[PDB]
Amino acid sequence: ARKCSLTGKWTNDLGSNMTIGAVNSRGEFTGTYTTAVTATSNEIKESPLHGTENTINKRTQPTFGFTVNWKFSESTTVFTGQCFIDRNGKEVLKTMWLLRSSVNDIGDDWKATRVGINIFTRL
């Protein structure tokens, strides 16, 4: 009964939000990612995401990955992590991400990758 499900509306520790739709039988899902300029805030861009959740042993707490294809930049971010629960109740996504910037010369590749985390909860 305690299936952690990616589908729905999520927010995070930096105040970014994401929506993910139905995950099919192969574990594929699409979504949207907002973001989060200045002021507030400032004002919001919306970016597409595509990923897969791992279906091996139809786990209640599966691992997943997804790519955010940023609309306001040449950058790409990948997130990977796991859907947990958590003492009710509360579903939580613990992710790690890599943010790739575009560089012009391959000589600059070494500096093009940031890493960090995101914890997501239901909105």
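When you see a residue number, it is the position in the sequence shown, counting from 1.
Mean CA temperature factor is higher for 19-27 when stretches 19-27 and 95-103 are set side by side in the entry.
Checked against the record, the higher mean CA B factor of 70-78 and 36-44 lies with 36-44.
Among all modelled residues in its chain, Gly51 ranks in the middle third by Cα B-factor. In the PDB entry, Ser5 places in the highest third of its chain by CA B-factor.
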